[PDB]
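**Student:** Begin with these chain(s), straight out of the complex:
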Amino acid sequence: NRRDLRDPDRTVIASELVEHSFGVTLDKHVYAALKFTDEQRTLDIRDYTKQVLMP
């Protein structure tokens, strides 16, 4: 604040210290799901890593 010099009133305005806050949260669940039959796993899938896991 500011005040005039030699002012007959000597009151000073109190400055105030106010911290603020917000919040961060986990919100989503990202997933990839696959299902195979025993026939597909036995016969169709030849390389599990290249055919299933990497995609």
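**Tutor:** Perfect, I can see it now. Residues are numbered from 1 along each chain as shown, chains lettered A, B, ... in the order given.

**Student:** all helices of chain A, in order?
**Tutor:** Taking DSSP state H to define them, one finds helices in chain A at A:38-39, A:48.

**Student:** Summarise which helices and strands the first one is packed against.
**Tutor:** Using 3 or more CB pairs under 8 Å, 6 or more residues apart in numbering; DSSP states H and E as the contact criterion, helix A:38-39 has no neighbours among helices and strands. Just so you know, the C-beta spots here come from the backbone N, C-alpha and C atoms, and that holds for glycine as well.

**Student:** Quick one: distance of that helix to the chain centre.
**Tutor:** Mean-position distance between helix A:38-39 and its chain equals 41 Å (CA atoms, centre = their mean, to the nearest Å).

**Student:** now stretch A:6-26
**Tutor:** The answer for stretch A:6-26 is 30 Å, by CA atoms, centre = their mean.

**Student:** thinking again about what came up before, which one of the helices of chain A is the most hemmed in?
**Tutor:** Highest mean neighbour count of these: helix A:48, a mean of 11 (counted as mean count of other CB atoms under 10 Å).

**Student:** Chain B follows; place it on the structure:
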Amino acid sequence: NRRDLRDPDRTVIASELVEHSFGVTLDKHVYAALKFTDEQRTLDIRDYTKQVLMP
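**Tutor:** Following on from the chains above, chain B is added here:
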């Protein structure tokens, strides 16, 4: 005291000793008080001793 010599009245008037007293009291408070604004102290007062204390 005094009494007549060879007086058949052999009675002596006993003297008495009285000590007196008076009290001295501390009763007054002499003071000289001054007040200076921060503007007066910063700007108006040049040398504090001979301008404030000695008076």
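
**Student:** So which bits of chain A are right by chain B?
**Tutor:** Within reach of chain B by CB under 8 Å from any CB of the partner chain, chain A has these residues: A:5-6, A:10.

**Student:** Just among these, which is most surrounded?
**Tutor:** residue A:6 (11 neighbours; other CB atoms under 10 Å in any protein chain shown).

**Student:** quick one: it and residue B:42 touch, right?
**Tutor:** No - counting by CB atoms under 8 Å, residue A:6 does not reach residue B:42; the two are 10.8 Å apart.

**Student:** in stretch A:7-15, what counts as buried?
**Tutor:** Buried positions in stretch A:7-15, judged by neighbour count with 16 or more other CB atoms under 10 Å in any protein chain shown: none.

**Student:** Give me the contact list for that stretch.
**Tutor:** Here stretch A:7-15 makes contact (CB atoms under 8 Å, 6 or more residues apart in numbering or on different chains) with A:1, A:3, B:37.

**Student:** I'm done for today, thanks for sticking with me.
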